[PDB]
Structure formats: structure tokens, C-alpha cells
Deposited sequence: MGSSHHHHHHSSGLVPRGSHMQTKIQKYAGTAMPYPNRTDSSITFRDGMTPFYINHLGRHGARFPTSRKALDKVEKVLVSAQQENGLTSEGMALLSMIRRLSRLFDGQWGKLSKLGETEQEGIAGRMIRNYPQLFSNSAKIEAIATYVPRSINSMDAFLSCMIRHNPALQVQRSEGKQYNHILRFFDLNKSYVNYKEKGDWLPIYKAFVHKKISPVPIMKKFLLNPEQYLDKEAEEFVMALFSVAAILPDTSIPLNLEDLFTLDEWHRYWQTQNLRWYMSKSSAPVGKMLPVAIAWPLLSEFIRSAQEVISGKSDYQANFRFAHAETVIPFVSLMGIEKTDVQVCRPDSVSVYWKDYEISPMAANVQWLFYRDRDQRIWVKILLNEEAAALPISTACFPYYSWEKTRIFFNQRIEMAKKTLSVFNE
């Protein structure tokens, strides 16, 4: 059942974590917590097909039960599209809580923290769940909270680059994805459960229906509604669905050769801003003990690849091998977050530890005390990544 959760991909709920020197600064990026579906399109597709089968009774008994379940979900999702769920709130409370319990000295006395978020309500509400926990876990904190479109350049860079928008909507990854779905997804086994004469459905409408049904089931664990649809598909069918969505994310938002690093390079302003906020705290220009940022999977995924956390920027030429080497649920589950923890040793040398979803991450540079890296070396490495990103983007107006 761990495998079935992983097969939700970027809709996987944030994984279980447990508590357990002290840093002088934390630099953070977090996706919003577990959320409702953002679009009714999949639900509507599933309902339209089942209702039509109800005309000229083409439903099995379970198709009748599924149709009723779909109508109920449509009423429960009404007015809630894209909202942070109670689960997403508690995910943020857990990330903040473990941070505070791990490093009380960092957030002690009158420590100062700043948080930013996008204009998207689920990310703003995620920041507030996180900050509320902090303030409860030390009301003497000083807190700056802001949000909105002025952070688009560093938190929503994927909307601002014209070449990338064009690639995401129209690029060469699309035919590869569509061929891959046709190869991996067999719709008739699934729809026989629900519809008489499934073989009379054109492959395209059948694939669309099944893909839409997977989307409904995949998001339900994120809603805090006590209903589950995992058993509509076999475990091997969930495996195949996840492979298709994993490849979709990899090619459209990460380091796939077909994207030519364009989906990754667009993140360089956030990496540059991360370095700048840390350099200012190290120098004394800023006296923040933490900078927090709340945004989206499309913020986290290319940011992580651009940092070069090992494996997350792999460039796999064969589409069918991607799932072996690059796992979206390991990078951007719900509430996915990156934390840079800064330390000053007895000699005042600065060390940095990188946490990806609260587990130590590797960079392709040396260190004699993993998971701690020399900040100087890491900064040089990240600045080199930023320069390569600007070079990449120079080929796209």
C-alpha cells in the first residue's frame, strides 16, 4: 500500500516524517499542502460517459454504483475546487512543528522570520497554517508575511517565459506522451467493470474516460473526504498510470532531453534569490533567522533539478526508462519542500545541509562530512548552474 500511494505521483500526500548542532538560518521553499482537485474536467468526463451509458442502459451494476459515487463527489467538490484541505493544513503544521522542535534555538526569543507566497489561495493558506504553528510555538517571533503577483518572477517563472509556455502547451514532448499512454494504458479491462460492450468505444474516448477516472481516484486522498476509489484499478494498472504521468511531468517540467533543459533553466531567478537571501543573512545585511516561500509543484520541480540534487536533473534519452531513474513522488508530493540549513562551525566556516522533503540530499560535489557541504563550494556550484541556465535560455529568444 506504500506503492499505491506513490503511484499518485505529484498527488501523493506528504509522506510520514518523524522528529529528530543548530543552524543559524533556514532557507525554504514549500509547495502548498494537500488540496482539492483544481479542475472539474476529469469528473465531468467520467460523469458524461456514465450518464450516456445510462441512456440505452449500457451500465453494469458497478457502473451504476460508480455513477452515484461520481455525482456525490461532484456535490462535495462544488465550491471547493483547488482549495487547501484539512490534510494540507496538518501537513504544514507537521513541517513547521518538526522544524521548531528540531531547532528551538534558531526560533528562540525574538527571532525574525519572513514568509512569502504566490497569489494562489491554497499556497497563501498553506503559508498561514505554517506560520500559525510557528507563532503558537513562540509568540515572541517577529514575522513578515506577504504574498501576490509581485513574486511571480521567482515563484511563478513557468508563466513568465514565452518559449517555455509554448513548449508546455505545444512542444515535442506531447506526441511522445500520447504514444506512451496508448502503449501503457489498456482501457477495456477497466471499463468492462462499469459498461456493457466496452469494445464498442473508440480507443480515444475509452482512453480519455479511463485517464479521467484515474485522475479522480488519485486526488481523493488529498481532500480529507472519507471516501476512497483506489480499488477501481488493479495495482498493475496504477503502476502503468503513474508511469504515464511521471513521464508527462519529467518531459514537460524537468530535465528530459526533449525539453533541452528549457523547463529547468527557467527556475534560475529563484535559485539566485535563494543565494542572495542567504548571503545577506551571512553578511549581516539581513537579520532574518528564516525565509519561507510557498508556491507550487511547478516551482519545486525545476528548482530541484536546477540545484542538481542527484538524480533529479538526469537526462534520460529513452522514454520507457524514465520511471526507473526519475520519480516524481520523490520530488514533488503534496507539501513538497526544500530546506537549506546553514551552520557556522567553531572556526566560523559556513556549512549548508540540503533537505528534500526533510531528508538529506546529495549534490555532485565533494564533502568530508556528508550531509554537510561547504557553503563556499555549494554557492560556486549553484552560481555555475545559474550561468548554464542563462546560457540555455539564450537559445530561446
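- Gaps without C-alpha coordinates occur at 1 to 21, 42 to 48, 426, with positions taken along the deposited sequence from 1.
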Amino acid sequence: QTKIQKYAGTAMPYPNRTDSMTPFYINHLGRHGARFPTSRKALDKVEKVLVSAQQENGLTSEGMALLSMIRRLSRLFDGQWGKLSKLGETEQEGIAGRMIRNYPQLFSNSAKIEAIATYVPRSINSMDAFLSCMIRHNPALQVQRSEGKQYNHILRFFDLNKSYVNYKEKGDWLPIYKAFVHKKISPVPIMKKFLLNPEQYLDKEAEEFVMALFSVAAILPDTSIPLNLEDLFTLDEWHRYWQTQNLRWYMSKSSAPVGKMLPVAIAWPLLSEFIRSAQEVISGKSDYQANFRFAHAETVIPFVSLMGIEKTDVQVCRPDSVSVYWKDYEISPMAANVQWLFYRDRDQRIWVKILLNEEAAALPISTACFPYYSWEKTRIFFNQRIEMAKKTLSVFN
From here on, numbers count along this sequence of modelled residues.
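- Per-stretch averaging of Cα B factors for 157 to 165 and 228 to 236 places 228 to 236 on top.
- Mean C-alpha B-factor is higher over 52 to 60 than over the other stretch, the pair under comparison being 52 to 60 and 359 to 367.
- Among 353, 45, 28, 31, the highest C-alpha B-factor in the deposited entry belongs to 45.
- The maximum CA B-factor among the listed residues 296, 253, 145, 72, taken from the PDB record, is found at 72.
- Remark: residue 215 belongs to the middle third of its chain, ranked by C-alpha B-factor as recorded.
- Sorting the modelled residues of the chain by their CA temperature factor places residue 112 in the middle third.
- Residue 263: CA B factor in the lowest third of modelled residues in this chain (values from the PDB entry).
- Residue 177: CA B factor in the middle third of modelled residues in this chain (values from the PDB entry).
- Residue-level temperature factors show residue 134 in the middle third of its chain, judged at the C-alpha atom.
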